[PDB]
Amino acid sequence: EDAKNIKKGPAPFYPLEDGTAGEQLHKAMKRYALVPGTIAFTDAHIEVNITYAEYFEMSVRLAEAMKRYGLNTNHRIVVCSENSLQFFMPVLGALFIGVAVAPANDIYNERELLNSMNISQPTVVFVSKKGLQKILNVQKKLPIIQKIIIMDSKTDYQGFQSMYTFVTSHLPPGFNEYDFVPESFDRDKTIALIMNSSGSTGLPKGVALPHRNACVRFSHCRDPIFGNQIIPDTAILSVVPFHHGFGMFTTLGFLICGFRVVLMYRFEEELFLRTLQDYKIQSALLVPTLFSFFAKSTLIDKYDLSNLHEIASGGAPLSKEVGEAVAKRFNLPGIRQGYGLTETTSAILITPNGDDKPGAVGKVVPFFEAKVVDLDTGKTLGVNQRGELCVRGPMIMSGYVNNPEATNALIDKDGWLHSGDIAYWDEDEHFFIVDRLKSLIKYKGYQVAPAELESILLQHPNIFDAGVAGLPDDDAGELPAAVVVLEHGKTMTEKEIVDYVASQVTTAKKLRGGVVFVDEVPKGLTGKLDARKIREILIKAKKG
């Protein structure tokens, strides 16, 4: 019964607000829409702005239109789109009236899209042009779908209503957005978002997240230590996908704060620096796969970045060395980190403002607790000991949609979620993520972490990107091996790469598995490495 080994989150600076997530969003955005010149979203590519006034008015119109159409808390809508200025209009609209929103990944193949909508069971589908065809090819197998609406069109498009013509079909005469009152409902039992889970074998799952979870996020995002201070005329640059929890709940919190969310979809070094300069960006929110595009640029000094105070990263490991280098080049105290799972709604470990520690992902957020347990007996471990990370609090998902068995396998009766990650916490209660548990390698009954070897590989100059896994061998079970994309203009050989690896490792950690040179390492949208795909590639090196 040792609670000295359970890391607890401090009390929030602000007490948790009442109301549904829709009510808190509506309140904040109405306030900002009544302040002249407030911009909610800016497309940095085409240089188009949308004010909080227009965004509020259109979200309210969508809420009333869906309500008049007949949607209520028994229904769900899908939002299938690349990032854009229109993404959050139907999301906010649905949140205002208690309709659950299921974002479907825009780059899903039709099979994965069918899975997502089979779980969410949407009545109405909001889809960009780029995604329409896939929706159609899937729609035949989901009779629950009664209405398809195009998001990035002003007129009807190819026989489908756009959000504007839909709204016009259902709004009453003389409707005034500022007299609209969002629906009230049980914030613990009404689902706000159904997100799709990642990483795990098999088809993704439906992660049901009630309004309560969004409300706790809205506590965090305006917290002076675990969030961002609400100061007028603040611009954020976001390059994170909106259908994913990392894009969803950061962007929602940014709206709660009245920030200006500046969007890039194609990431290039010079366009990034121009955008930071011209929009006076104070914080850039990134995934680590984008860092290489500017970490060693020579242009940084040619741009005025005096407004830039923060670079935040999330969704996957960020190299300590890359992070320290980038933080020092932009005069930053560090790269701010956030760790979360789709199943925890958002980051439940955040680097607190003013308390950076390089290589860590932060401390436990308010309302949450975290522990590290033994992989074989589940016993809680103590300081600086590695084990599985467990977390519990009011942003844990209510459960997987129609899958109670998976829910109970993930979350125990005390509410602890078993993250699947190896971590530890230090004397000051900072957490470090070591690796994914299902990606450890067994040399001779000793656990080798592929992330450590990757970081070492990544040190090298001739090595642009690396991914490590296990190649199967009847001796040792699996030997550790790599997949290496080299820097342009480099000659490195498998012999001298395994030798450089031997130079900074113990006995079992030696890369006795070889190297398979590649033109790119298989990553995900947030840049998690595809361990199954790396093992797959590690077959040509199994050949003779």
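Quick note: we count residues from 1 along the sequence shown, nothing fancier.
Taking the PDB entry as given, 455-463 carries the higher mean Cα B factor of the two stretches 416-424 and 455-463. Looking at 437-445 and 233-241 together, the entry lists the larger mean B-factor for 437-445, computed on C-alpha atoms. The entry lists C-alpha B-factors for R68, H488, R61, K27, and the highest of these is at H488. The maximum CA B-factor among the listed residues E270, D152, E388, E343, taken from the PDB record, is found at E270. Sorting the modelled residues of the chain by their CA temperature factor places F96 in the lowest third. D223 sits in the middle third of its chain by CA B factor, as recorded in the PDB entry. The entry lists a Cα temperature factor for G22 that places it in the lowest third of the chain's modelled residues.
Ranked by C-alpha B-factor against the other modelled residues of its chain, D278 falls in the middle third. The entry lists a Cα temperature factor for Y108 that places it in the lowest third of the chain's modelled residues.
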